[PDB]
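First comes the structure, then the notes that go with it.
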Amino acid sequence: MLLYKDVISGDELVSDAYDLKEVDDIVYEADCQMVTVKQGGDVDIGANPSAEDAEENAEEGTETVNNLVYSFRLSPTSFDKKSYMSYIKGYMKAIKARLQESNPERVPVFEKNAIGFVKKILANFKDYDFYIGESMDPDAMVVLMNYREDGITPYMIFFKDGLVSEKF
Numbered sequence: 001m002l003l004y005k006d007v008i009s010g011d012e013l014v015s016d017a018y019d020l021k022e023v024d025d026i027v028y029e030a031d032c033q034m035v036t037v038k039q040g041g042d043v044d045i046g047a048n049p050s051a052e053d054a055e056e057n058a059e060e061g062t063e064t065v066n067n068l069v070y071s072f073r074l075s076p077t078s079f080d081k082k083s084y085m086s087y088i089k090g091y092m093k094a095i096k097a098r099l100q101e102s103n104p105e106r107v108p109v110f111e112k113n114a115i116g117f118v119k120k121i122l123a124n125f126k127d128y129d130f131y132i133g134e135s136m137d138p139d140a141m142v143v144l145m146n147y148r149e150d151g152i153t154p155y156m157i158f159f160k161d162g163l164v165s166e167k168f
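Numbering (the deposited numbering) for the sequence shown: 1 to 168.
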């Protein structure tokens, strides 16, 4: 029920309606489940000439999708290996300033903890993928999608430093 949004440019990055766990480091984890819904194509809010919506006569088009991405229309975008270093570097520094203006005591704990997680993320930045909200900003809240140690549990992480809690 809790709603967490970013102030830099995340806009509703995740919520507790699913489940959130903060790792000893400084990030939250919102688990997502798969649900089957009847979708008949969308392609943005308008962008098609003429169609029939028939395809076959033995299946309409049921597609399972995460409940967090569907409710928050999460939008995953492609990225570059070297481009990732520039986004995490200029983004980490951006937060460093937000602490100095708000809480300067979070500058050191945030640097050491965030530095450790970044080192374990580069080991497989591809397996963590890179998501982005409708804001379309490579310097806003960045969420990564990774499967637990099992693989049957899809979960994403949201930097707690750039995540606030909102009560209904």
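Where a beta carbon is used, it is the ideal one built from N, C-alpha and C, also for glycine.
Same chain only: Cβ atoms within 7 Å of residue i, ignoring 5 sequence neighbours per side
{"i": "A140", "result": "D6, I8, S9, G10, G133"}
{"i": "residue 239", "result": "A query on residue 239 cannot be resolved here, the shown segment of the chain reaching from 1 to 168 and no further."}
Pairwise C-alpha distance: residue j and residue i
{"i": "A47", "j": "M1", "result": "34 Å"}
{"i": "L68", "j": "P108", "result": "32 Å"}
{"i": "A58", "j": "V37", "result": "17 Å"}
{"i": "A94", "j": "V14", "result": "21 Å"}
{"i": "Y28", "j": "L144", "result": "11 Å"}
{"i": "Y91", "j": "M34", "result": "31 Å"}
{"i": "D53", "j": "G40", "result": "7 Å"}
{"i": "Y147", "j": "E60", "result": "30 Å"}
{"i": "residue 180", "j": "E63", "result": "In the structure displayed, the chain extends from 1 to 168; residue 180 sits before or after that span and is not available."}
{"i": "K81", "j": "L122", "result": "9 Å"}
{"i": "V164", "j": "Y4", "result": "5 Å"}
{"i": "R106", "j": "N113", "result": "10 Å"}
Other residues of its chain near residue i: CB distance less than 8 Å, five sequence neighbours each side excluded
{"i": "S135", "result": "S9, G10, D11"}
Residue environment, residue i, which counts as buried when at least 16 other CB atoms sit within 10 Å
{"i": "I45", "result": "exposed"}
{"i": "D161", "result": "buried"}
{"i": "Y128", "result": "buried"}
{"i": "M85", "result": "exposed"}
{"i": "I157", "result": "buried"}
{"i": "residue 204", "result": "There is simply no residue 204 to check, as the chain begins at 1 and stops at 168 in what is shown."}
Sequence-distant residues of its chain with Cβ nearer than 6 Å to residue i (five each side left out)
{"i": "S75", "result": "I132"}
{"i": "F117", "result": "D25"}
{"i": "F130", "result": "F79"}
_Contained alpha helix (DSSP H) runs [length at least 4] in the stretch 87-114, N- to C-terminal order_ = Qualifying alpha helix (DSSP H) stretches: none in this window.
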